[PDB]
Amino acid sequence: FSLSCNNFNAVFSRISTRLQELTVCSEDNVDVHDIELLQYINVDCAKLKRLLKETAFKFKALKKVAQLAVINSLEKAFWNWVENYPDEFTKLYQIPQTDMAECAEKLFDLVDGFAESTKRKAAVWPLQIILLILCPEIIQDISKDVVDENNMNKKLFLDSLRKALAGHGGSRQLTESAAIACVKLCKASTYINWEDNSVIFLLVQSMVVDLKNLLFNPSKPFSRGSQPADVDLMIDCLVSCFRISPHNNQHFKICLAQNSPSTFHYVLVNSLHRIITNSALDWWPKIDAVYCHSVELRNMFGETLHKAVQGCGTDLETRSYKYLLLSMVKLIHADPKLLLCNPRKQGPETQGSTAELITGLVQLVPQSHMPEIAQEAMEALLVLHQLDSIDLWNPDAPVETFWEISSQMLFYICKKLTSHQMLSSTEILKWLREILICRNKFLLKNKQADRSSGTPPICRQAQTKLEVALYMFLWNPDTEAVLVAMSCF
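Residues numbered from 1 in each chain as written, not as in the entry; some residues may be left out. Part of a larger assembly, values for the part shown. Heavy atoms only, no water.

This deposited entry lists cryo-EM as its structure determination method and 3.4 Å as its resolution.

Per the PDB entry, the recorded name for the protein chain is Neurofibromin, and the organism is Homo sapiens.

Below is the structure:
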């Protein structure tokens, strides 16, 4: 991809040669690996037009195997342009461009002629929509009266999609394909600013309602193949739908609801994870809109954690929680404010909400049943100690709950190290060193701003226990452990 930025022609020339060889030759070959290089080469709007024209000329004469490879490769190329050049995609609909429309239309017919059987239709339908998207006005005419031949073949295909998309037809394969194709149409729409308010927005609204019932029906789990559900597919739909209508999502509650199966929860958390990490377009909605569900998110953590620990000490049901729990932990690592909003505050007879969160993360570090999770729990607790994230624990008094809870964590973890030897002992110590660094800074600024800084009994009763664990590590056999322990003084 990096190489293709400058010397496009050199790479592009190689592809053109292979097409000609296959075009003239009549002995079908399976060395299409050269053809499949389009999926990685950087493409721009002007360059993309070249690809369509060249393949169009030679498409009809290619062999069956070659035709499939170019179709798949061309599909993945389209997204590269949109992602790498978001602005150019918007301008396509902002101002008409006949040249872009012309090449797509010719290719559309060639692909349509190629696919006759139901099995063929499944492979090519995802591509056809992208081509249809490229030509804006052909969509408008399809909605209105249909031209004799110009907009006749297109209109027949578009309505054929809905039948399989709605399950009317007795064809599972087309039903599966219709989902894939429809999602991509929704995904592409997200980039459209909607200021044009073209038919694209209207077209999606027609199919969105039907799509959700197929993918978000708790009674019937949509099972594309061997896996119980196509987890990846649902994620794209939910993320896209959110961006279209972020104000009041209607399925967030359905997925977030406890009665729904775990897989619905798994899709929900991952979706919230992408929003935080991958937001290219500014005018998209942000995670802030979801803060209102923070209270409900925490409740899920408690149930998942409680059942996860019990299993370690059904077969796949237990394993499901561990995977779900791992995803939940990573979510807090991405953004801690999501779960810390609307603090419960310490009850007269019950503990608050910020405390129960820390205790759950702490009880995973010395586990050794789930080493992969434990590694993350260390990182998670190390992010809630940054000066920025200390405040959110209890905004009423940020310099009283910190020492009450943070110190109590040290007392629990330190007592574990001294109690007996563990396999990961040499690793917990390196993490414990940075915790001390990250609570000195909070005291330094706290003392500067206002000395007033408190020293409750736990601060003393836990300062002792810290020392009792740094002497006992000096005789530890591991050379790294003793060196690290000495530096902790």
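Read on, since the account is not over.
(A) Expanded view of the overall build of the protein chain. Each helix and strand counted, the protein chain has 23 helices and zero strands in total. C-alpha atoms of the protein chain, sized along the principal axes, occupy 85 × 50 × 50 Å. Side-chain charges in the protein chain split into 50 positive and 54 negative, and the spacing between the mean points of these groups amounts to 3 Å. (Helix = DSSP H or I, 4+ residues; strand = E, 2+ residues; numbered from the N terminus. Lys, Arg positive; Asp, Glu negative; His and termini not counted. Charge placed at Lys NZ, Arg CZ, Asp CG, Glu CD.)

(B) Examining a nonpolar patch on the surface more closely. On the surface, a cluster of nonpolar side chains totalling about 560 Å² of accessible area is made up of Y471, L474, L483, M486 and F489. Tracing the sequence through the fold places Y471 in helix 22 (residues 457-471). The class for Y471 is exposed, based on a relative accessible area of 53%. (Patch = residues over 30% accessible without salt bridge, like charges linked within 9 Å, V, L, I, M, F, W, Y side chains within 5 Å. Areas by Shrake-Rupley, 256 points an atom, 1.4 Å probe, with all protein chains shown as cover. Salt bridge = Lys/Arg side-chain N within 4 Å of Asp/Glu carboxyl O. Buried < 20%, exposed > 50% of the residue type's maximum accessible area, 1.4 Å probe, protein only.)

(C) Structural detail: unusual backbone geometry. Of note, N197 is a non-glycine position whose phi angle comes to about 55°, a positive value. Looking at where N197 falls in the secondary structure, it is placed in the loop between helix 9 (172-191) and helix 10 (199-215). On the basis of relative accessibility, which here comes to 34%, the residue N197 falls in the partly exposed class. Notably, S368 is not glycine yet its phi reads approximately 70°, a positive angle. Residue position: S368 is located in the loop between helix 17 (354-362) and helix 18 (371-383).

(D) Quick look at the nonpolar core. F78, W81, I129, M207, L215, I428 and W431 are the most contacted members of the largest nonpolar core, which totals 152 residues. In terms of residue count, helix 9 provides more of this core than any other element does, 10 residues in total. The residues touching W81, leaving out its near neighbours within four places in the chain, are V43, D44, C45, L48, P86, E88, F89, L92 and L134. (Core = buried A, V, L, I, M, F, W, Y, C linked by side-chain atoms within 4.5 Å. Contact = heavy atoms within 4.5 Å.)

(E) The packing of aromatic side chains, seen in detail. Following the criterion strictly, the structure yields 17 aromatic pairs and no others. Here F78 and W81 contribute two aromatic rings whose centre-to-centre distance is 6.0 Å and whose plane-to-plane angle is 70°, an arrangement assigned as edge-to-face. Here the residue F78 and the residue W81 both occupy positions in helix 3 (residues 64-84), the gap between them amounting to three residues, near one helical turn. Just as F78 is buried, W81 falls in that class too. When the ring of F402 is compared with that of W403, the centres are 5.2 Å apart and the planes differ by 80°; the resulting orientation is edge-to-face. Through pairs of rings, three or more aromatic residues link up here, namely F78, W79, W81, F89 and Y93. The ring of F114 carries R120 above its face, with NZ or CZ at 4.5 Å from the centroid. The residue whose ring lies beneath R243 is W284, and the NZ or CZ to ring-centre distance is 3.7 Å. (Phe/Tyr/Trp six-rings, centres within 6.5 Å; stacked < 30°, edge-to-face > 60°. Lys NZ or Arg CZ within 6 Å of the ring centre and 35° of its normal.)

(F) Molecular detail of the state of the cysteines. On inspection of all chains with the given rule, the structure shows zero disulfides. Between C186, a free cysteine, and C182, which holds the nearest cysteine sulfur, the sulfur-to-sulfur gap is 4.3 Å. For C186, a relative accessible area of 5% translates into the label buried. For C241, which is in no disulfide, the shortest distance to another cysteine sulfur is to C237 and amounts to 3.5 Å. (Disulfide = S-S within 2.5 Å.)

(G) Local environment of the pattern of salt bridges. In the structure shown here, the tally under the stated rule is 12 salt bridges. As a salt-bridge pair, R224 and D230 come within 3.1 Å of each other at their nearest N and O atoms. Among the ionic pairs, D396 bridges to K345, the shortest N-O distance being 2.7 Å. Of this pair, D396 sits in the loop between helix 19 (387-390) and helix 20 (401-419) while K345 sits in the loop between helix 16 (337-340) and helix 17; the two residues are 51 residues apart in sequence, bridging distant segments of the chain. Overall, the relative accessible area of 54% leaves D396 in the exposed class. Taking relative accessible area as the criterion, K345 reaches 29% and is therefore assigned partly exposed.

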